[PDB]
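Residue numbers (the deposited numbering), protein chains in the order written: chain A, 1 to 333; chain B, 1 to 360; chain C, 1 to 368; chain D, 2 to 359; chain E, 1 to 334.
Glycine residues also receive a C-beta, built at the ideal position from the N, C-alpha and C atoms.
I have placed the structure first, in the form of structure tokens, so that the comments after it can refer back to it.
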Amino acid sequence: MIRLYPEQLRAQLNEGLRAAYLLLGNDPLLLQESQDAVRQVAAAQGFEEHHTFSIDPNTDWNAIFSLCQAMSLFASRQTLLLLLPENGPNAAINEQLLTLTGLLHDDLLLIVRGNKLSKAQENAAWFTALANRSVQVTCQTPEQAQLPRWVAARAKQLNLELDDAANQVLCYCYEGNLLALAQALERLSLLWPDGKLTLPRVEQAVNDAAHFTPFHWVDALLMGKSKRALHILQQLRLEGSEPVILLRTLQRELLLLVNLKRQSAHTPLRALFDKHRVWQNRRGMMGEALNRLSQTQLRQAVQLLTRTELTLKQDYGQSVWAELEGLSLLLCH
Amino acid sequence: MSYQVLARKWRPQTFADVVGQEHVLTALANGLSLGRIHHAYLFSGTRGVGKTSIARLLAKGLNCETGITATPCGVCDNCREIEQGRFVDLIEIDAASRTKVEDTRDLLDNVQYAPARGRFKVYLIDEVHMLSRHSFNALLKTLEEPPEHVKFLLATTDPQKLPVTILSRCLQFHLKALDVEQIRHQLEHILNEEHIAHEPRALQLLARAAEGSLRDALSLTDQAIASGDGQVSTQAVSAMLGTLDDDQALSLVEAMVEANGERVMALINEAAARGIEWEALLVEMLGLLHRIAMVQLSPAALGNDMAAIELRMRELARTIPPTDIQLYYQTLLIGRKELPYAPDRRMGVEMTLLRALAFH
Amino acid sequence: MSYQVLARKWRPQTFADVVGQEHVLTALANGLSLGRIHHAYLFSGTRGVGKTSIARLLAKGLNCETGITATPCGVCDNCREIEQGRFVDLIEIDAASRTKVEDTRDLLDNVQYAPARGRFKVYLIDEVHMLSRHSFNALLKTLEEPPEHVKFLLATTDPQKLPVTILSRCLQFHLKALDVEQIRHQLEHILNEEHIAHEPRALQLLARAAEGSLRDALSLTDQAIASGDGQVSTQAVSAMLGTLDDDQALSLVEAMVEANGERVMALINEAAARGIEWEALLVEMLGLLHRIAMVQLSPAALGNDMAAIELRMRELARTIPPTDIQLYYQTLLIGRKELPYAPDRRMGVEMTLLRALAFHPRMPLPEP
Amino acid sequence: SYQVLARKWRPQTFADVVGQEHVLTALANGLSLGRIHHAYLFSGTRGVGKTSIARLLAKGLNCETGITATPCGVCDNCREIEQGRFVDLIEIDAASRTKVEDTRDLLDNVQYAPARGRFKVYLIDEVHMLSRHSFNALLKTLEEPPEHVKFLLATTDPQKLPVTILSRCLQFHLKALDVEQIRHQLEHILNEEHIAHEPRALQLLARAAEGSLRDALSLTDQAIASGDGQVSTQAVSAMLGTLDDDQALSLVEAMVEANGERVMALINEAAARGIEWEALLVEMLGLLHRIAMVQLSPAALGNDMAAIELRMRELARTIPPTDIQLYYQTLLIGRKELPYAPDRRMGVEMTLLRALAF
Amino acid sequence: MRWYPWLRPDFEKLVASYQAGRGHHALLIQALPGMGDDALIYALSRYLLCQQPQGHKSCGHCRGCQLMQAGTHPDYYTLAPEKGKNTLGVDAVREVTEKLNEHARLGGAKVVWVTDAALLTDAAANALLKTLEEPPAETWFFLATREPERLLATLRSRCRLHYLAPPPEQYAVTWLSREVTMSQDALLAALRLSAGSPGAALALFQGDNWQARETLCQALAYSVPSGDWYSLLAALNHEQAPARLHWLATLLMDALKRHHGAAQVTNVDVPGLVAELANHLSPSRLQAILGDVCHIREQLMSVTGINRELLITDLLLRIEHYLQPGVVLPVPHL
Ligand SMILES: Nc1ncnc2c1ncn2[C@@H]1O[C@H](COP(=O)(O)OP(=O)(O)O)[C@@H](O)[C@H]1O
Ligand SMILES: Nc1ncnc2c1ncn2[C@@H]1O[C@H](COP(=O)(O)OP(=O)(O)O)[C@@H](O)[C@H]1O
Ligand SMILES: Nc1ncnc2c1ncn2[C@@H]1O[C@H](COP(=O)(O)OP(=O)(O)O)[C@@H](O)[C@H]1O
Ligand code: BEF
Ligand code: BEF
Ligand code: BEF
Ligand SMILES: [Mg+2]
Ligand SMILES: [Mg+2]
Ligand SMILES: [Zn+2]
Ligand SMILES: [Zn+2]
Ligand SMILES: [Zn+2]
Ligand SMILES: [Zn+2]
């Protein structure tokens, strides 16, 4: 179809609204902004009212299907917004979506919002049914590498001058929380109409609202950033994440890394990575970890992880975060 | 002879009487004066920081005959009816009381009906993070398109449990825990207006013991006045804070490191008078030593949990070689191992501290 | 006749009766005198220190018909039905039955009602730490501001389990465990008031036996009175507690230090016939050894008691270096821990003592 | 209506209780003097008399011949309490009933006047197994119960009880019964039941039961069940799987000289005979202790084992006391670890082989 | 379940006491897995619930016998954990306790069988205490366990402890040879690994677990001469960590016996492997490795929900560290 990014949808929308729009991504802010832009353009082009339906195992598909053929007594045009579940569609929902796609017409600016679909969901009848003229917008969260560029670009968009230090601080405090990041940018613009947000001007108006997953901590350990790892642990603990899943992902990737380090003296790193099915984006990070980490450090990490799991699984679970921080520090030397 | 509680008698009535949170007050004033008020305001701070006070003041600004503004008036009808807690359409809800999706739905059936008085129908939900996920989703669904005169005010101590999607619907404010200076100045003003004799050192002790919360400072001030017959001297506050002291493990570590046997004995006897379990004391001593070792490894090992005693912890990390930390940790580990079979554990913990002091 | 239990009969009924807790007593009396009565109280202390009794006394003081007096003043109707356990203003609530918010809400919607023939509706939420977080935040609003006629008295043992938010809106009062001298003084008061003969040594042993609470001291005193025939003696108290004569254990530790075997054997096989449990013999020896270790630490750690053998405590402290004391204590502790798996308890104690003898730092057993 | 030794010989009066005089004296004097508590916790190990003493107290408290320290045993209340059919004696198992509704049931039951007896008595067994909810909700009813309600508690370990529960009750610690008391009780029971017995068998049974009379009676019943209903030394030895001092002494002398062949062969032969590994280690520790005794004082030697004292004195002479102490500690640790080993024989082999490498 | 030949004399030593009317209401049978304690419990229950016994044996087609064979006897009780769990809860024994209060439906005995007393939760044990101590008239109990010491003290205090002595080694070897056909050394290995339990030897042989033992032996044949014990991971981490760790610890024990020369060892099927273990490893290192293996097996058996793979990997890494010269080796203490 037409696959675009949030910075391209604004230009695309002035070329004429399409039959359907699919907003795919894990970032709530990008999805919200793209949906708002689509709705504003639709209102400009004559779409007055809008209908919202969250897809649930108890979705009133008859109501929405009637809505496809529901005309407008006092209104003229109409949109139709669908909120996909966190796991995406299945057989029944995809069949319903195929029927809805068959029900599109001049009206029905069908809008689809949710998280990115998998390759299996990619190869589906409904997806191919609107595969000629629909517009798909990718709305994934920028990662650690591209976050400073993204926040600088948005600050330029919002007529705000930002420094490198302020960009780093905003990326640090609101990583994975770009909703709070945009709210912070708006707050800083409101508090200071000058727009020159120096480092002290942003240090006094931000709070540690960043959200992380266990994989973020695993990658921080592999890169060796002790401070980032400890920050991720603090954020995960304040969020209330169960330490067991952290220990599980740590165990899985640490066992894989121990196998790699053991086999390094036998087979080159490329073939070892290939055999163990290592993703390309993390091969350099894991090779750096293998180079930095010694066999003694790996044995000590395994020992500490085993002690931590034994402490947890014996129904005590007391001060497991201290042991996790100890392991994090140990793996970053 | 009223002698009412100083906590609520001194709740702020105008925005100029709120200590700290200056950026939040400026943002609220700017939204009330020139801009259009956002359809939902969420507040997140610490215990006794000002959240509900700020929300109530904002609701007072919303409903008033002078109009929607920052500093509306004094002693008006709506402002007084809010200050007395008797306002009709200023709904006050505890989220924990109505976590059920059915009760939440019943609460959200009231938004359609027009306000009885004023302009805006204001809902004030406390500890909003405790709402169930279904109730939270219903709240978001009613927040996306609220009525033109219906507004929501939400407060929570820990916003980390709130899903990120709440940021998509409401404008959030974070209130910074007050420092020693602001709390001390506000307590000084309160005591000066109430004609309470006091000393600056007593105020400093109260502020430091408050740990950032002004409600804690006011409660401690009330206790100090009650015990001291209004004469709030340094010695009175110091003694009554020592009665409430629970930093025994940290002081034990500090004194045992300094090879101060008499100090350790006095502190352990005080802990015995406190009726503290000895196994818990020893395990938290082990935790303190482990934290010292970790912050020695890297300055970032510390967090905000120990942000009350972080100064002494930094000094301990700076001054104590890691070998001494390892020796002390081993000594306390074997002491905890041998504690159950020892005599009455009040003396087993003592003798474990003895063994620790032997490494001098 | 009936002789209602000492705890029930001799429960304090006035601030001139409560022993210890000078801080909370002064706070309550002075606040009531000044009329600055907070709406939320948190009595926190170990078991049996007086939280419930002091709370009842405060409730008496608040609702005296004569007026608002510091102590419960001239006991009128309200006070005497309070002391009888009958309701005038005392809603005594166990928190274990109202942990759920579905019951805390029921409690809260009843608070807005005038009290009957009382000036306040005094809520005594005991073991308040047992509530649920939902219930805490539910009654949070009522704690911050209750009706004028509603007072909250919360009593609990561990204030650390409480959320900091509810901890903010409460006057915190911590009740220290009572010293042994105060406990003995109270027990002597009770026995003089009950026309029962008592011995100073027995009272001292009972006061030491109680771990800083007067409830345990009173239960132990009742048990000692039952052991006797309306009197308490050193023999009866020692038999009840199981503690042996300090001369025996002290002679045994002396013989272990002096590294003579025959004296140790004589002492142990004399102690066998006295019907003293061997594990308590080991416990007493370890307690003594740590006592000499503490004497080594400081002359402050001797004990007001143990005067009959204090000179010998000091002599053993002077003679023996701390390393030998540590060695003996470790050997005896390991022996006591190993005792359950020994062939016999006497066998285990004898082997532990002989092991301390064989590994004696200065005079080990002769070897071939 | 056959009953096994334990229940068939349950104490029925204060004069029928073995030992526990330190609590029986206080109990009888409290009954006589009129000083009666509302809450009694009888705590001790298994088979020492907590339930029996509690039932005797219940009988004495509400006898219609008055509150007496010597219940008649023929009255209506005494017989009904003995048979367990008395309504005012409610026997509760804390583990079975540890719920909020059961606590509310107790709380609203204690408010009604007793149906038959003077007092409504609650006998709760294994009280430490209640939930913290139940403990905290039952604080007041144990602190200030009604005038007609008295509570009896019985736990195997008071340490697991809340300390505030212990504070508001009368602590009766039941000492584990002495070997002589246990043996005399077996002798009296067997004489009253016309069962032939031998003093050596009684001594072995008393030593085997770790200071518990119920265990002694169960082992006794096993002895009657094996060997045509006679308590003989051979039958008791076969049941307990015990061995005389000869085998254990040979094992110890083999181990002390680091004779791996002899130690392993002796363990193999011991396994072939199907002996008790726990008993073997017990004899190991006993013989090592007697070796240390002979080392300490020449006259501190047993007289029964005069046949084996010849090698005994030589071994005690030729081995330093420290090595004997090390062997004793190693064997004790092995005995402690024995239940957790993959096999009992494997664990004792581990212990002995570890002792060899000294 | 199944009956065993050597198992008869113990049954005759118990059913006679029960016919005399002097049998204990609570009989605790101590027997290793595969010993056949379930056979005793079931046969005794059938005899007890039988109306008219025939020579201390179940009498063919009795009404009680018929309802026993059908498995729906109203007076019969079975206490086993639900197949989705490994513990016996409070309610499972509570329903037994409350429904035992009524009279026997057929007017005979009331027999209860607890399948494995070790699986009993301490709360279930405490609940069953009262019914074990003072059961109603004509009520009998049966409990089984691998080791009575693991049981609650007050639980076993109320029961007569019977012991099922394993059959003589030669007789067990003959039985195994009759059932399975292979070399005598394999039979000896299975018996001595099963602590003399021939039923456990049959269980080992019939399943694929013996082939896994062979795999572990090969992995050790490569593992000990090169210090590559980590490669044993795949040989140990298949839902059977206690069994594989037991075999490894027994191999170490046999090597230790080979040091202090002994006539008999367990792993007689692989003498060369035992010789390699003894020659290539220091005796103190063998002590440390055996102790650590036993401790890890105990931790795997005790803790529920633990990760087998992480524990085995840590065990192997610790063994590798112990192999290096100059390492401080652990010794059991305290
Ligand atoms: N910024 C502030 N200015 C004035 N009083 C305050 C402030 N913050 C807290 N307080 C005092 O604490 C009491 C409770 O405050 P509250 O705002 O409810 O704290 P919370 O953030 O925990 O809900 C108020 O009545 C007021 O006396
Ligand atoms: N300060 C005290 N003065 C006198 N008696 C006390 C004191 N504290 C406890 N006691 C004794 O303990 C009994 C129960 O005390 P209580 O006040 O219930 O302690 P708690 O704080 O644990 O509820 C009283 O009857 C009294 O005999
Ligand atoms: N002191 C004792 N005197 C006589 N028999 C006793 C004694 N203690 C225990 N027993 C025997 O043990 C059996 C169980 O005793 P019980 O009192 O239930 O012990 P427990 O304290 O563990 O509940 C009794 O039936 C009795 O045979
Ligand atoms: F009301 Be606050 F959050 F303590
Ligand atoms: F109220 Be107390 F802990 F006995
Ligand atoms: F078996 Be008893 F009740 F400890
Ligand atoms: Mg609040
Ligand atoms: Mg009992
Ligand atoms: Zn106004
Ligand atoms: Zn009065
Ligand atoms: Zn009678
Ligand atoms: Zn039949």
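Worksheet item: Can you list, in chain order, the residues of its chain whose CB lies under 6 Å from that of residue 123(D), leaving out five sequence neighbours each side?
Response: Mapped onto the fourth sequence, residue 123(D) falls at position 122. Correct list, in chain order: 91, 152.
Worksheet item: To which residues does DSSP link residue 94(B) through a beta bridge?
Response: The sequence position of residue 94(B) within the second sequence is 94, counting from 1. Residue pairing by DSSP puts residue 94(B) in a beta bridge opposite 126(B).
Worksheet item: Under 7 Å, do residue 185(A) and residue 158(A) count as touching if we go by C-beta distance?
Response: Start at 1 with the first residue of the first sequence, and residue 185(A) comes out as number 185. Start at 1 with the first residue of the first sequence, and residue 158(A) comes out as number 158. Contact: yes.
Discussion item. Does residue 206(A) come out as helix, strand or coil in the three-state DSSP assignment?
Written reply: Taking the first sequence and counting its residues from 1, one reaches residue 206(A) at position 206. Residue 206(A): coil per DSSP, three-state reduction.
Worksheet item: Which ranges does the beta strand (DSSP E) cover as unbroken runs of at least 3 residues, wholly within the region 167-193 of chain C, from first to last along the chain?
Response: 171-175
Item to complete: Return yes when the Cβ of residue 127(B) is within less than 7 Å of the Cβ of residue 137(C), no when it is not.
Response: Numbered from its first residue, the third sequence carries residue 137(C) at position 137. Numbered from its first residue, the second sequence carries residue 127(B) at position 127. Cβ atoms of residue 137(C) and residue 127(B): closer than 7 Å.
Discussion item. For residue 152(C), list the residues DSSP reports as bridge partners.
Written reply: Taking the third sequence and counting its residues from 1, the one referred to as residue 152(C) is at position 152. Answer is 40(C), 123(C), bridged to residue 152(C).
Worksheet item: For residue 287(E), which of helix, strand or coil comes out of DSSP?
Response: Your numbering for residue 287(E) matches position 287 in the fifth sequence. If DSSP states are grouped into helix, strand and coil, residue 287(E) belongs with the helices.
Discussion item. By the DSSP assignment, the alpha helix (DSSP H) with residue 156(A) in it spans what residues?
Written reply: In the first sequence, the residue the question calls residue 156(A) occupies position 156. Per DSSP, residue 156(A) belongs to the alpha helix (DSSP H) from 147-157.
Worksheet item: How long is the line joining the alpha carbons of residue 328(E) and residue 280(E), rounded to whole angstroms?
Response: The count along the fifth sequence starts at 1 and reaches residue 328(E) at position 328. The count along the fifth sequence starts at 1 and reaches residue 280(E) at position 280. Each residue's Cα considered, the two are about 18 Å apart.
Worksheet item: Relative to chain B, which residues along the region 18-34 of chain A have a C-beta separation below 8 Å, given in chain order?
Response: 28, 29, 32
Worksheet entry | Near-chain A residues of the region 146-168 of chain B - C-beta to any C-beta below 8 Å | 158, 159, 160, 161, 164, 165, 167, 168
Fill in: Candidates 250(A), 259(A), 238(A), of which the one nearest residue 231(E) by Cα
In the fifth sequence, counting from the first residue as 1, residue 231(E) sits at position 231. The candidate whose alpha carbon is nearest that of residue 231(E) is 259(A).
Fill in: Cα-Cα separation, residue 249(C) to residue 284(C)
The residue labelled residue 249(C) in the question sits at position 249 within the third sequence. The residue labelled residue 284(C) in the question sits at position 284 within the third sequence. Cα-Cα distance, rounded: 7 Å.
Fill in: Option nearest residue 288(C) by Cα separation, candidates 243(C), 272(C), 260(C)
Here residue 288(C) refers to the residue found at position 288 of the third sequence. Cα-wise, what sits closest to residue 288(C) is 243(C).
Worksheet entry | Pick from 124(E), 138(E), 270(E) that is closest to residue 106(E), judged by C-alpha positions | Mapped onto the fifth sequence, residue 106(E) falls at position 106. Checking every option, the nearest Cα to that of residue 106(E) belongs to 138(E).
Worksheet item: So, is residue 157(C) buried or exposed, given that buried needs 16 or more other C-beta atoms within 10 angstroms?
Response: Taking the third sequence and counting its residues from 1, one reaches residue 157(C) at position 157. Label assigned to residue 157(C): buried.
Discussion item. Just to confirm the assignment: which complete beta strand (DSSP E) runs, minimum length 3, are found wholly within the region 341-367 of chain C?
Written reply: none
Discussion item. So residue 83(A) and residue 53(A) are supposed to be a Cβ contact under 8 Å. How far apart are they, rounded?
Written reply: Residue mapping note: residue 83(A) aligns to position 83 of the first sequence, counting from 1. Residue mapping note: residue 53(A) aligns to position 53 of the first sequence, counting from 1. Residue 83(A) to residue 53(A), Cβ: 7 Å. Contact.
Item to complete: Just the chain D side, please: which residues come within less than 7 Å of residue 90(E) by C-beta, in chain order?
Response: By 1-based counting over the fifth sequence, the position of residue 90(E) is 90. Those are 96, listed as they occur along chain D.
Discussion item. I'd like to confirm something about residue 12(C): is its beta-carbon nearer than 6 Å to some heavy atom of ligand 2, or not?
Written reply: Along the third sequence, one-based indexing puts residue 12(C) at 12. Yes, the beta carbon of residue 12(C) sits closer than 6 Å to at least one heavy atom of ligand 2.
Item to complete: List the endpoints of the continuous beta strand (DSSP E) containing residue 174(A).
Response: Taking the first sequence and counting its residues from 1, one reaches residue 174(A) at position 174. Here residue 174(A) belongs to no beta strand (DSSP E), and DSSP marks it neither H nor E.
Item to complete: Jot down the residue ranges of each uninterrupted alpha helix (DSSP H) in the region 18-65 of chain C, minimum 4 residues, whole runs only, in chain order.
Response: 22-34, 51-62
Worksheet item: Which value, in whole angstroms, describes the spacing of the CA atoms of residue 89(A) and residue 128(A)?
Response: As a first step, residue 89(A) must be located in the first sequence, where it is residue number 89. As a first step, residue 128(A) must be located in the first sequence, where it is residue number 128. Approximately 14 Å between the Cα atoms of the pair.
Discussion item. Can you look up residue 232(D) in the DSSP assignment and give me helix, strand or coil?
Written reply: Here residue 232(D) is taken as the residue at index 231 of the fourth sequence, counted from 1. The three-state reading of DSSP puts residue 232(D) in strand, counting E and B together.
Worksheet item: residue 88(A) lies in the alpha helix (DSSP H); which residues open and close that run?
Response: Within the first sequence, residue 88(A) is the residue found at index 88, counting from 1. That residue, residue 88(A), is in no alpha helix (DSSP H); it is neither H nor E in DSSP.
Worksheet item: Do you know how far the Cα of residue 173(B) is from the Cα of residue 168(A)?
Response: By 1-based counting over the first sequence, the position of residue 168(A) is 168. By 1-based counting over the second sequence, the position of residue 173(B) is 173. For residue 168(A) and residue 173(B), the distance between alpha carbons rounds to 22 Å.
Worksheet item: Based on the DSSP output, what are the partners of residue 336(E) in its beta bridges?
Response: Given that chain E is displayed from residue 1 to residue 334, the structure contains no residue 336(E) and the question cannot be resolved.
Discussion item. Check whether the region 66-73 of chain D and the region 21-37 of chain D are in contact - that is, three or more C-beta pairs closer than 8 Å.
Written reply: yes
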